[PDB]
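Just one chain is shown here, as structure tokens, and it is the form deposited in one PDB entry.
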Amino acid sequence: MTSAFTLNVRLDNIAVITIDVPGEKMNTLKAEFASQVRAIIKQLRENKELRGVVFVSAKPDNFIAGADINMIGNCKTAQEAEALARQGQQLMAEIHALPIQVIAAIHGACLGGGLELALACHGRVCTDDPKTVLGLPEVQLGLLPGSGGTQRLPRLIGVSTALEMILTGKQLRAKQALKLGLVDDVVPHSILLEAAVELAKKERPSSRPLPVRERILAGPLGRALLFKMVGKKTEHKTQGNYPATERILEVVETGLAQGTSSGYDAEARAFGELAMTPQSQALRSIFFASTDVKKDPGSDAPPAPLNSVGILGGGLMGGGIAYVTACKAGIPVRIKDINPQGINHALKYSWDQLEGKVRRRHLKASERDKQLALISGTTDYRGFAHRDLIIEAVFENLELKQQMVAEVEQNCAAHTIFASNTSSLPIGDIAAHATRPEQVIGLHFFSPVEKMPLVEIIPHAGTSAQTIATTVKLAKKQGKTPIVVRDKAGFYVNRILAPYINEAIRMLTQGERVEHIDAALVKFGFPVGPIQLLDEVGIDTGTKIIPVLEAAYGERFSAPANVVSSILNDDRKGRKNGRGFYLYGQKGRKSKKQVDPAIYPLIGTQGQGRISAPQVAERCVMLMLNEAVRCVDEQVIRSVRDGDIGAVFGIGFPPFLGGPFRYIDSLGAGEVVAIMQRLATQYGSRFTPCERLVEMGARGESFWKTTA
């Protein structure tokens, strides 16, 4: 077969290394390819007439996608993972040690070890295509750049700037990469190799200058003061829950302060030990699960046409649906709302979202105006007879929704899908009177629609397999991570979140402050405390599903007696209207979030606060974990893969734990049964271990079969 790295030497005394991996659509840079590069480098120093070498992708979508993460998953111990890093560090050193000039012609994604390969080169030229992105995202997997990225990057673009790329793993477009010095020049794709061979002719590359902000911190005092500043800023964000953050600041520091060989030793040591940490094994479990979600078509049936969609109901919710289907899926969308202000809000919604991109980022306002041509709003019935799918986002009333179904069935074509955004109404009842109920399905979004990547797809008993496959294809085009959940009350996300929210409110009635509860679960790993979470979504919004959950399952979803009615009777609906819990009237830009002291008189407070922060998070998490196991036992979710994905992306479950089921397997089934059996003794039967979990605890069952 044709090798992954093909070399042909031009007659102008430069060589071109073509990187075409026939296995996958992306150059995954497998560790097995080390001998393929080592056989080529010897042929480069075969003749001294050569003047340069060029790495080109020869693939349309990416340059090098990054190191194959299956290599790490098969490492049995940290010493094997340390060897993979050293073997990678050994190859990048020999490419950099060539007497001729090595230059990378980048087009498409250049991430992970792909950027470490470009950093090992002497010059770089990338394409201005929006697909061309540069970054080191090894830390989203609980690792760090293991092929010299922590050492070559600070030496090139700037130490403080390199920390931002390594700590966050963010991608850089060609514009930002040229200014920071990561790429020497950007060039249209038509003359990329032609521009790359020119840079190879030149004897020396530019002796790059350092930015003034980096020269300001130059010196022993400034370098030690930067790491202490960054160490405190990342400790606030990660809450100390990510070991890669602490090892990155270490490896980057010692490499600058010690010998070149030592920094590479510190890097490979940190890479191998991080590969064995449970945090990285959990973060890589999300990477595998997210990849499996994109591959999963939801159904084996071919998807229906998807050339035009319409949405029923305007407002901020409808505008968010219209935004993601036109600005991400590229499908023209039309909005129907009998209230004109709902149309104005939905249209002014997408305008505000793109004007932010016009402000100091993607810009191209001509494309912004060209993007808004796909959205349209009306209060009449014109422009809907040929819509391929309808997303209903109207008031949560059963009679109103099945009335919208009849409108779609007579005013649209015979094949159009009716996708309901319902959260408390079953899909089967919406399609009860539908002439074609096989085309009625649930498509649950979470507000804000742009910030929430997870969506729930709820087919009812009579939903056709073709309808399921078409709705998930639309969700992926809209940049959403979908899970297909059964038609039961609460679905999965909001169901496992209600006792989590109820217990945080319960401790508010028992004397615990708002700051102590939210800071406890933020320390546990959640991005935002439960009290602040109920406020960002809205008080009535996050609590309206409680009655339906109590009527279908029992008293475990029961909230404190009258505190939910007492807060909504005081016009406190959260950050929407700026009343309740945390007060939002502050004027400070970075003003510390302060709670409204009047929320405690409204709530029936009885106590003085005698519960530590780990107990606070334990009481909230154990009630969520119990609901998660009940969903996978009742087949509400299709598998634990969807359950972990649904919680990490839906309710912000801490990613370093890998999801609720990875967390239970981390602690052990029988171990969490004893924990909840103890909480049930001193708090109430709502903490009773669920019926499925005691079976797993009595045996040696785990949620994910291959154990570790």
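Numbering starts at 1 and follows the sequence shown. Between two forms, the rigid core is defined as the largest C-alpha subset superposing within 1.5 Å.
If you look for the form deposited in another entry, you will not find it shown, but the lines that follow are about it.
Can you tell me which of these residues, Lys544, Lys357, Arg486, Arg630, is the one whose C-alpha shifts by at least 2 angstroms between the shown form and the other one after a rigid core fit?
By this measure, the answer is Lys357.
Classify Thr260 as shifted (yes) or not shifted (no) between the shown form and the other one, where shifted means its C-alpha moves by 2 Å or more with the rigid core superposed.
Yes, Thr260 moves 2 Å or more.
Would you say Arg589 moves its Cα by 2 Å or more between the shown form and the other one, aligning on the core?
Shift at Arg589: 2 Å or more after core fit.
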